[PDB]
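Asker: Structure file structure18.csv, CSV, C-alpha atoms, is pasted below:
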```csv
chain,number,residue,atom,x,y,z
X,1,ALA,CA,-24.4,8.9,34.6
X,2,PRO,CA,-22.2,12.0,34.7
X,3,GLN,CA,-23.8,14.6,32.5
X,4,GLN,CA,-20.9,14.7,30.1
X,5,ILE,CA,-21.3,11.0,29.3
X,6,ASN,CA,-25.1,11.3,29.1
X,7,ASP,CA,-24.9,14.2,26.7
X,8,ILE,CA,-22.2,12.9,24.3
X,9,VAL,CA,-23.9,9.5,24.1
X,10,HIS,CA,-27.4,10.9,23.6
X,11,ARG,CA,-26.3,13.6,21.1
X,12,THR,CA,-24.5,11.0,19.1
X,13,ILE,CA,-26.8,8.0,19.3
X,14,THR,CA,-30.2,9.8,18.9
X,15,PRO,CA,-29.5,11.0,15.4
X,16,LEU,CA,-27.8,7.7,14.5
X,17,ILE,CA,-31.0,5.8,15.4
X,18,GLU,CA,-33.2,8.2,13.4
X,19,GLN,CA,-30.9,8.2,10.3
X,20,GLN,CA,-30.5,4.4,10.3
X,21,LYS,CA,-34.0,3.5,11.3
X,22,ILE,CA,-32.7,1.3,14.1
X,23,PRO,CA,-35.6,-0.4,16.0
X,24,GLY,CA,-33.7,-1.0,19.2
X,25,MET,CA,-30.3,-0.2,20.6
X,26,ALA,CA,-28.2,-0.6,23.7
X,27,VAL,CA,-25.0,1.2,24.4
X,28,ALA,CA,-22.4,0.8,27.2
X,29,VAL,CA,-19.7,3.3,27.8
X,30,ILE,CA,-16.8,2.2,30.1
X,31,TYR,CA,-15.2,5.3,31.6
X,32,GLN,CA,-12.4,5.1,34.1
X,33,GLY,CA,-13.2,1.4,34.2
X,34,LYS,CA,-16.9,1.8,35.2
X,35,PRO,CA,-19.9,1.0,32.9
X,36,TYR,CA,-22.7,3.4,32.1
X,37,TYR,CA,-25.7,2.1,30.2
X,38,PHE,CA,-28.2,3.5,27.7
X,39,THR,CA,-31.1,1.9,25.9
X,40,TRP,CA,-33.6,2.9,23.2
X,41,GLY,CA,-36.5,1.4,21.3
X,42,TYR,CA,-37.7,-2.1,20.8
X,43,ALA,CA,-36.3,-5.6,21.2
X,44,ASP,CA,-39.5,-6.9,19.6
X,45,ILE,CA,-41.7,-4.5,17.7
X,46,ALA,CA,-44.8,-6.7,17.3
X,47,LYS,CA,-44.9,-7.6,21.0
X,48,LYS,CA,-43.9,-4.0,22.1
X,49,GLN,CA,-41.0,-5.3,24.2
X,50,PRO,CA,-38.5,-2.5,24.9
X,51,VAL,CA,-34.7,-2.9,24.8
X,52,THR,CA,-33.4,-3.3,28.4
X,53,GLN,CA,-30.0,-4.0,30.0
X,54,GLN,CA,-31.1,-7.7,29.9
X,55,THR,CA,-31.9,-7.8,26.2
X,56,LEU,CA,-29.9,-10.4,24.2
X,57,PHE,CA,-28.5,-9.3,20.8
X,58,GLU,CA,-26.7,-11.4,18.2
X,59,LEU,CA,-23.0,-10.4,18.2
X,60,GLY,CA,-22.3,-11.7,14.7
X,61,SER,CA,-18.6,-11.4,14.0
X,62,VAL,CA,-17.9,-9.8,17.4
X,63,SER,CA,-18.1,-13.5,18.5
X,64,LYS,CA,-14.6,-13.9,16.9
X,65,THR,CA,-13.2,-11.9,19.9
X,66,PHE,CA,-14.4,-14.7,22.2
X,67,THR,CA,-13.0,-17.3,19.8
X,68,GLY,CA,-9.7,-15.5,19.8
X,69,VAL,CA,-9.5,-15.3,23.6
X,70,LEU,CA,-10.6,-19.0,24.0
X,71,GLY,CA,-7.8,-19.9,21.6
X,72,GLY,CA,-5.4,-17.7,23.6
X,73,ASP,CA,-6.5,-19.5,26.8
X,74,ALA,CA,-5.8,-22.9,25.1
X,75,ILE,CA,-2.3,-21.7,24.2
X,76,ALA,CA,-1.7,-20.6,27.8
X,77,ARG,CA,-2.9,-24.0,29.0
X,78,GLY,CA,-0.2,-25.6,26.7
X,79,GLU,CA,-2.9,-27.4,24.7
X,80,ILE,CA,-2.1,-25.8,21.4
X,81,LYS,CA,0.6,-23.6,19.8
X,82,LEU,CA,-0.1,-21.0,17.1
X,83,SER,CA,3.0,-22.3,15.3
X,84,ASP,CA,1.4,-25.8,15.1
X,85,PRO,CA,0.5,-27.1,11.6
X,86,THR,CA,-3.3,-27.4,11.1
X,87,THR,CA,-2.8,-31.1,10.3
X,88,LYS,CA,-1.6,-31.8,13.9
X,89,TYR,CA,-5.1,-31.3,15.1
X,90,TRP,CA,-6.9,-32.6,12.0
X,91,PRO,CA,-4.8,-35.4,10.6
X,92,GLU,CA,-7.4,-36.3,8.0
X,93,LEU,CA,-6.5,-33.0,6.3
X,94,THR,CA,-4.0,-34.8,4.1
X,95,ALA,CA,-4.2,-32.7,1.0
X,96,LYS,CA,-0.9,-31.1,0.0
X,97,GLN,CA,-2.0,-27.5,0.1
X,98,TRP,CA,-2.3,-27.8,3.9
X,99,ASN,CA,1.5,-28.2,4.3
X,100,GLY,CA,2.7,-25.0,6.0
X,101,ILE,CA,-0.8,-23.7,7.1
X,102,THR,CA,-0.6,-23.1,10.8
X,103,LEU,CA,-3.2,-22.4,13.5
X,104,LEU,CA,-1.9,-18.7,13.4
X,105,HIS,CA,-2.8,-18.5,9.7
X,106,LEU,CA,-6.3,-19.8,10.4
X,107,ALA,CA,-6.8,-17.5,13.4
X,108,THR,CA,-5.7,-14.4,11.4
X,109,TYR,CA,-7.3,-15.1,7.9
X,110,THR,CA,-3.9,-15.5,6.3
X,111,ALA,CA,-4.1,-19.2,5.3
X,112,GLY,CA,-4.1,-18.2,1.6
X,113,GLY,CA,-7.7,-17.3,0.7
X,114,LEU,CA,-10.1,-19.5,2.7
X,115,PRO,CA,-13.6,-18.1,1.8
X,116,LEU,CA,-15.7,-15.6,3.7
X,117,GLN,CA,-18.4,-18.2,4.4
X,118,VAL,CA,-18.5,-22.0,4.7
X,119,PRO,CA,-20.8,-22.9,1.9
X,120,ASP,CA,-24.4,-23.4,3.1
X,121,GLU,CA,-24.4,-26.7,1.2
X,122,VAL,CA,-21.9,-28.0,3.8
X,123,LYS,CA,-24.5,-29.6,6.2
X,124,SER,CA,-22.5,-32.5,7.7
X,125,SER,CA,-19.1,-33.2,9.2
X,126,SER,CA,-18.1,-35.2,6.2
X,127,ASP,CA,-19.1,-32.3,4.0
X,128,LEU,CA,-16.8,-30.0,6.0
X,129,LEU,CA,-13.8,-32.3,5.6
X,130,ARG,CA,-14.4,-32.5,1.8
X,131,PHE,CA,-14.7,-28.7,1.7
X,132,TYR,CA,-11.3,-28.1,3.4
X,133,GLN,CA,-9.6,-31.0,1.6
X,134,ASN,CA,-10.8,-29.6,-1.8
X,135,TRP,CA,-10.2,-26.0,-1.1
X,136,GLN,CA,-7.5,-24.5,-3.4
X,137,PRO,CA,-5.5,-21.5,-1.9
X,138,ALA,CA,-5.0,-18.6,-4.2
X,139,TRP,CA,-1.9,-17.5,-2.3
X,140,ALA,CA,1.0,-18.9,-0.2
X,141,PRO,CA,0.4,-19.0,3.5
X,142,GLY,CA,1.2,-15.8,5.4
X,143,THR,CA,1.1,-13.4,2.4
X,144,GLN,CA,-2.5,-12.1,2.2
X,145,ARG,CA,-5.4,-11.4,4.6
X,146,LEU,CA,-8.9,-12.3,3.5
X,147,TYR,CA,-11.5,-12.0,6.2
X,148,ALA,CA,-13.1,-15.4,6.6
X,149,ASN,CA,-15.5,-17.3,8.9
X,150,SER,CA,-14.1,-20.5,7.4
X,151,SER,CA,-10.7,-19.6,8.6
X,152,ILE,CA,-11.2,-18.4,12.2
X,153,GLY,CA,-14.1,-20.8,12.6
X,154,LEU,CA,-11.8,-23.8,11.9
X,155,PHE,CA,-9.2,-22.3,14.3
X,156,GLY,CA,-11.9,-22.2,17.1
X,157,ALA,CA,-12.9,-25.9,16.4
X,158,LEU,CA,-9.3,-27.1,16.4
X,159,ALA,CA,-8.2,-25.0,19.4
X,160,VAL,CA,-10.6,-26.9,21.7
X,161,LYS,CA,-9.7,-30.4,20.4
X,162,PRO,CA,-7.1,-31.3,23.0
X,163,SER,CA,-9.4,-30.3,25.8
X,164,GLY,CA,-11.9,-32.9,24.6
X,165,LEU,CA,-14.7,-30.4,25.3
X,166,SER,CA,-17.2,-29.2,22.7
X,167,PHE,CA,-16.5,-25.7,21.6
X,168,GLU,CA,-19.6,-24.5,23.5
X,169,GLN,CA,-18.6,-26.3,26.7
X,170,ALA,CA,-15.0,-24.9,26.5
X,171,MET,CA,-16.3,-21.4,25.9
X,172,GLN,CA,-18.8,-21.6,28.8
X,173,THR,CA,-16.4,-23.1,31.3
X,174,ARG,CA,-13.2,-21.3,30.3
X,175,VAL,CA,-14.4,-17.8,29.3
X,176,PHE,CA,-18.0,-17.1,30.1
X,177,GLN,CA,-18.1,-18.5,33.7
X,178,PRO,CA,-14.8,-17.1,35.0
X,179,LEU,CA,-15.7,-13.6,33.7
X,180,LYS,CA,-19.3,-13.9,35.1
X,181,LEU,CA,-20.8,-13.5,31.7
X,182,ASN,CA,-24.0,-15.3,32.9
X,183,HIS,CA,-26.2,-13.9,30.2
X,184,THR,CA,-24.0,-14.7,27.2
X,185,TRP,CA,-24.8,-17.7,25.1
X,186,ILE,CA,-23.9,-19.7,22.0
X,187,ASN,CA,-27.4,-21.3,22.1
X,188,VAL,CA,-30.1,-19.2,23.8
X,189,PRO,CA,-31.7,-21.3,26.5
X,190,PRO,CA,-35.5,-21.5,26.7
X,191,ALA,CA,-35.4,-19.6,30.0
X,192,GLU,CA,-33.8,-16.6,28.3
X,193,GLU,CA,-36.0,-16.4,25.2
X,194,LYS,CA,-38.1,-13.6,26.6
X,195,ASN,CA,-35.0,-11.5,26.5
X,196,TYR,CA,-33.8,-12.5,23.0
X,197,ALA,CA,-34.4,-9.5,20.7
X,198,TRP,CA,-35.6,-10.0,17.1
X,199,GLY,CA,-33.3,-8.8,14.4
X,200,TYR,CA,-34.9,-6.7,11.6
X,201,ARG,CA,-33.9,-7.1,8.0
X,202,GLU,CA,-36.0,-5.3,5.4
X,203,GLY,CA,-38.7,-4.9,8.0
X,204,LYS,CA,-38.9,-8.6,8.8
X,205,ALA,CA,-38.1,-10.1,12.2
X,206,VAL,CA,-35.2,-12.6,11.9
X,207,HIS,CA,-32.8,-14.7,13.9
X,208,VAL,CA,-29.4,-16.1,12.7
X,209,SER,CA,-29.8,-19.5,11.0
X,210,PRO,CA,-27.8,-22.6,11.9
X,211,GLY,CA,-24.6,-23.1,9.9
X,212,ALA,CA,-21.3,-24.9,9.8
X,213,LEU,CA,-18.8,-23.5,12.3
X,214,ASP,CA,-21.4,-20.9,13.4
X,215,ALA,CA,-20.6,-21.1,17.1
X,216,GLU,CA,-16.9,-20.6,16.4
X,217,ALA,CA,-17.3,-17.6,14.0
X,218,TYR,CA,-20.5,-15.7,14.7
X,219,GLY,CA,-22.6,-17.6,17.2
X,220,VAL,CA,-22.6,-15.6,20.4
X,221,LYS,CA,-25.6,-13.7,21.8
X,222,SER,CA,-25.1,-11.3,24.8
X,223,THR,CA,-26.5,-8.4,26.8
X,224,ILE,CA,-25.2,-4.9,27.1
X,225,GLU,CA,-24.2,-5.7,30.7
X,226,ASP,CA,-22.2,-8.8,29.8
X,227,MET,CA,-20.6,-7.0,26.9
X,228,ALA,CA,-19.5,-4.1,29.1
X,229,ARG,CA,-17.9,-6.7,31.4
X,230,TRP,CA,-16.2,-8.3,28.4
X,231,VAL,CA,-14.7,-4.9,27.5
X,232,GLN,CA,-13.6,-4.4,31.2
X,233,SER,CA,-11.9,-7.8,31.1
X,234,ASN,CA,-10.1,-6.9,27.8
X,235,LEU,CA,-9.1,-3.5,29.2
X,236,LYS,CA,-7.6,-4.9,32.3
X,237,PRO,CA,-6.6,-8.6,31.8
X,238,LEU,CA,-4.3,-8.6,34.9
X,239,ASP,CA,-7.4,-8.3,37.2
X,240,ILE,CA,-8.5,-11.7,35.9
X,241,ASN,CA,-7.8,-14.3,38.5
X,242,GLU,CA,-7.6,-17.3,36.2
X,243,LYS,CA,-4.0,-17.2,34.9
X,244,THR,CA,-4.5,-18.9,31.5
X,245,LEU,CA,-7.5,-16.6,30.7
X,246,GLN,CA,-5.5,-13.5,31.8
X,247,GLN,CA,-2.8,-14.7,29.3
X,248,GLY,CA,-5.3,-15.6,26.6
X,249,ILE,CA,-6.8,-12.1,26.6
X,250,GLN,CA,-3.3,-10.6,26.2
X,251,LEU,CA,-2.5,-13.1,23.3
X,252,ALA,CA,-5.6,-12.1,21.5
X,253,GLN,CA,-4.6,-8.4,21.5
X,254,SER,CA,-1.0,-9.1,20.3
X,255,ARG,CA,-0.1,-7.8,16.8
X,256,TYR,CA,0.6,-10.6,14.4
X,257,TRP,CA,0.3,-8.9,11.0
X,258,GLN,CA,0.0,-5.4,9.6
X,259,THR,CA,-1.9,-4.1,6.7
X,260,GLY,CA,-1.9,-0.3,6.3
X,261,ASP,CA,-2.5,1.1,9.7
X,262,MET,CA,-4.3,-1.9,11.1
X,263,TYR,CA,-2.8,-4.8,13.1
X,264,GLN,CA,-4.5,-8.2,13.2
X,265,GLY,CA,-4.9,-9.9,16.6
X,266,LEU,CA,-6.8,-13.1,17.4
X,267,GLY,CA,-10.4,-11.9,16.7
X,268,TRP,CA,-9.5,-8.4,17.9
X,269,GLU,CA,-8.1,-5.8,15.4
X,270,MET,CA,-6.0,-2.9,16.5
X,271,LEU,CA,-4.6,0.5,15.5
X,272,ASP,CA,-2.1,2.7,17.3
X,273,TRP,CA,-3.7,5.4,19.5
X,274,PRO,CA,-4.3,8.2,18.8
X,275,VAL,CA,-5.9,7.1,15.6
X,276,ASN,CA,-6.7,9.0,12.4
X,277,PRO,CA,-10.5,8.8,12.8
X,278,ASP,CA,-10.8,8.6,9.0
X,279,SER,CA,-8.5,5.5,9.1
X,280,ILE,CA,-10.8,3.5,11.4
X,281,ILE,CA,-14.1,5.0,10.1
X,282,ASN,CA,-13.4,4.4,6.4
X,283,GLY,CA,-11.5,1.3,7.0
X,284,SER,CA,-14.4,-0.3,8.8
X,285,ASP,CA,-16.4,-0.3,5.6
X,286,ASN,CA,-16.8,-3.9,4.3
X,287,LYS,CA,-15.3,-2.9,1.0
X,288,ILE,CA,-12.1,-2.4,2.8
X,289,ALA,CA,-12.6,-4.8,5.7
X,290,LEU,CA,-13.5,-7.8,3.5
X,291,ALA,CA,-11.0,-7.0,0.6
X,292,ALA,CA,-7.9,-9.1,-0.2
X,293,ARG,CA,-4.9,-7.3,1.4
X,294,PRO,CA,-1.2,-8.1,1.4
X,295,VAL,CA,0.1,-8.4,5.0
X,296,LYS,CA,3.5,-7.8,6.6
X,297,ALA,CA,4.4,-10.3,9.3
X,298,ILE,CA,5.3,-8.8,12.7
X,299,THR,CA,8.3,-10.9,13.5
X,300,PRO,CA,8.0,-11.7,16.4
X,301,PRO,CA,4.4,-10.5,17.3
X,302,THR,CA,4.2,-7.4,19.5
X,303,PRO,CA,2.6,-8.1,22.9
X,304,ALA,CA,-0.7,-6.2,23.5
X,305,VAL,CA,0.0,-2.5,23.2
X,306,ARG,CA,-1.8,-0.4,25.8
X,307,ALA,CA,-1.8,2.7,23.5
X,308,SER,CA,-4.2,1.0,21.0
X,309,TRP,CA,-7.7,1.5,19.5
X,310,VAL,CA,-8.8,-2.1,19.8
X,311,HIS,CA,-12.0,-3.0,18.1
X,312,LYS,CA,-14.4,-5.4,16.3
X,313,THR,CA,-17.4,-4.9,14.1
X,314,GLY,CA,-20.0,-7.6,13.7
X,315,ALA,CA,-23.3,-8.3,12.0
X,316,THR,CA,-25.9,-11.0,11.3
X,317,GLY,CA,-28.8,-10.6,8.9
X,318,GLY,CA,-30.8,-8.7,11.6
X,319,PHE,CA,-28.2,-7.2,13.9
X,320,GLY,CA,-25.2,-4.8,13.9
X,321,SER,CA,-22.7,-4.7,16.7
X,322,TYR,CA,-19.5,-2.8,17.5
X,323,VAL,CA,-17.0,-2.8,20.3
X,324,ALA,CA,-14.0,-0.5,20.8
X,325,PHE,CA,-11.6,0.2,23.7
X,326,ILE,CA,-8.4,2.0,24.5
X,327,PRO,CA,-6.5,0.2,27.3
X,328,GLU,CA,-4.2,3.1,28.1
X,329,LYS,CA,-7.3,5.3,28.8
X,330,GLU,CA,-9.4,2.8,30.6
X,331,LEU,CA,-12.1,3.7,28.1
X,332,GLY,CA,-14.4,1.7,25.9
X,333,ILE,CA,-17.8,1.4,24.2
X,334,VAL,CA,-20.2,-1.3,23.2
X,335,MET,CA,-23.0,-0.6,20.7
X,336,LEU,CA,-25.6,-3.3,20.1
X,337,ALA,CA,-28.5,-2.9,17.6
X,338,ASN,CA,-31.1,-5.1,16.1
X,339,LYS,CA,-30.6,-3.9,12.6
X,340,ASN,CA,-27.5,-4.4,10.5
X,341,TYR,CA,-26.6,-0.8,9.5
X,342,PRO,CA,-23.4,0.4,7.8
X,343,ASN,CA,-20.1,-0.1,9.6
X,344,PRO,CA,-18.8,3.4,9.1
X,345,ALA,CA,-21.8,4.8,11.0
X,346,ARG,CA,-20.9,2.6,13.9
X,347,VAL,CA,-17.2,3.6,14.0
X,348,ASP,CA,-18.0,7.3,13.5
X,349,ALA,CA,-20.4,7.3,16.4
X,350,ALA,CA,-18.0,5.3,18.7
X,351,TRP,CA,-15.1,7.6,17.8
X,352,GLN,CA,-17.2,10.7,18.4
X,353,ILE,CA,-18.1,9.4,21.9
X,354,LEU,CA,-14.7,8.1,23.0
X,355,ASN,CA,-12.8,11.1,21.6
X,356,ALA,CA,-15.0,13.4,23.6
X,357,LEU,CA,-14.3,11.5,26.8
X,358,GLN,CA,-10.6,10.9,26.2
```
Would you mind writing the file's structure down as structure tokens?
Answerer:
Amino acid sequence: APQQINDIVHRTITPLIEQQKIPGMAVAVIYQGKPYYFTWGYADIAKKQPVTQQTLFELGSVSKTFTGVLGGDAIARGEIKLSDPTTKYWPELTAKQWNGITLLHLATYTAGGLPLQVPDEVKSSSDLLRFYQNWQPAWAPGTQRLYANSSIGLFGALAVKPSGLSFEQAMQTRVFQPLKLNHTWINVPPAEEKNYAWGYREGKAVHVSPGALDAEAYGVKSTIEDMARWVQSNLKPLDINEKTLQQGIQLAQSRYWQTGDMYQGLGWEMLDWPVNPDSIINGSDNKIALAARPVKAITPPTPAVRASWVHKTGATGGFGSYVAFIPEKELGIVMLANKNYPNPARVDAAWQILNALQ
């Protein structure tokens, strides 16, 4: 890499790894459109396997960016509309509270207080129907944002219904394959297990457990190379040859709701660039990110703004991920770690790196 990139990345990430006791980490910086990679430490401590550019990390909620783009692609295909009632795609959802809850509300956590997690007790499809039928909204649709896997997870499942494909089949054929993300997985194949890092939680090696709507909300695993390519694709959607995917990327970065200085996209979240660093850093903390917040509708939604800080944090029990990019500057970063460490530390480090290269 150019020495400037080397130096700002190493001077920022080395102390982060020490402070946070991160066993293994991979970073990609996209600078003027090109990726530069950095790796540290261990994918598997016990077996002494290093992190490499081929190591798979659990993306956790960064998966929602793939869900959002897949949904955008389905809109572009004319298969769904964000203005469609949820019940159009799930007619069995007959309970009266569903009246007026649209796919947009599901995609953007604004349905009226769907919970952060689908209960672990939901173990079957009939359980899942009961859960949504019996759920009582705290709020009218389109009034408050409450970050929820049960919200965007349901959006992902319904978005692929008209296609007749499983969620995983749709994601592979419509997003992963066209973008050449050939080491990105909802289910890690046996052939790739040698590259699947362990996550570390309280010193113990862990992988994400199966759960309802896991593929749709938090189920993707990927390498630093594929994630850099994901950032490139989201930086420059017009280079994407597949028209509906090109459009889906743009739809996912559109601004549908505003709370404070943040705008809610489909999976992606955005702020105007230049950002107050204290706004993204502090705002990334889960006590702000997971809070109930009144939203203002953006009527109509603003098409993807190039002068944006576009980002997403993600975690599982054993992993912590972060992606951010600025389309106007052709600049981005991916940080993948096999420990879930505090969100503000991720954003601070990403901002320090990108600000220095901007």
Asker: So how far away is atom CA of residue 28 of chain X from atom CA of residue 194 of chain X, in Å?
Answerer: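 Atom-to-atom, atom CA of residue 194 of chain X to atom CA of residue 28 of chain X, that is 21.3 Å.
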Asker: Write out as a list in words which residues come within 12 Å of residue 91 of chain X when counting only C-alpha atoms, dropping same-chain ones fewer than 4 positions away.
Answerer: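 Everything that qualifies: residues 85, 86, 87, 95, 98, 99, 129, 133 and 158 of chain X.
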Asker: For residue 119 of chain X, list every protein, DNA or RNA residue within 10 Å, evaluated using all atoms listed in the file, and leave out those in the same chain fewer than 6 positions away; present the list as a list in words.
Answerer: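 What passes the distance filter is residues 127, 128, 131, 150, 211 and 212 of chain X.
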Asker: Smallest atom-to-atom distance to residue 308 of chain X: which of X:289, X:262, X:171, X:75, using only C-alpha atoms?
Answerer: X:262
Asker: Separation of atom CA of residue 23 of chain X and atom CA of residue 356 of chain X, in Å?
Answerer: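 About the pair atom CA of residue 23 of chain X and atom CA of residue 356 of chain X: they are 25.9 Å apart.
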Asker: Considering only C-alpha atoms, can you say which of X:316, X:177, X:302, X:149 comes closest to residue 263 of chain X?
Answerer: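 Once distances to residue 263 of chain X are computed over only C-alpha atoms, the minimum belongs to X:302.
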Asker: Counting all atoms listed in the file, figure out which residue out of X:301, X:317, X:72, X:294 gets nearest to residue 205 of chain X.
Answerer: X:317
Asker: Skip residue 97 of chain X itself and residues of its chain fewer than 4 positions away, then list as a list in words all residues within 9 Å of it, counting all atoms listed in the file.
Answerer: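 Listed by chain and then number, they are residues 101, 133, 135, 136 and 137 of chain X.
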Asker: Which residue gives the smallest distance to residue 102 of chain X among X:142, X:115, X:78, X:219, with only C-alpha atoms counted?
Answerer: X:142
Asker: So that I can see what lies close to residue 280 of chain X, please list as an MDAnalysis selection string the residues with an atom at most 10 Å from it, counting only C-alpha atoms and leaving out residues fewer than 3 positions away in the same chain.
Answerer: chainID X and resid 261:262 270:271 275:277 283:285 309 311 344 347:348 351
Asker: Could you tell me how far atom CA of residue 232 of chain X lies from atom CA of residue 198 of chain X, in Å and to one decimal?
Answerer: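 Interatomic distance here is 26.7 Å.
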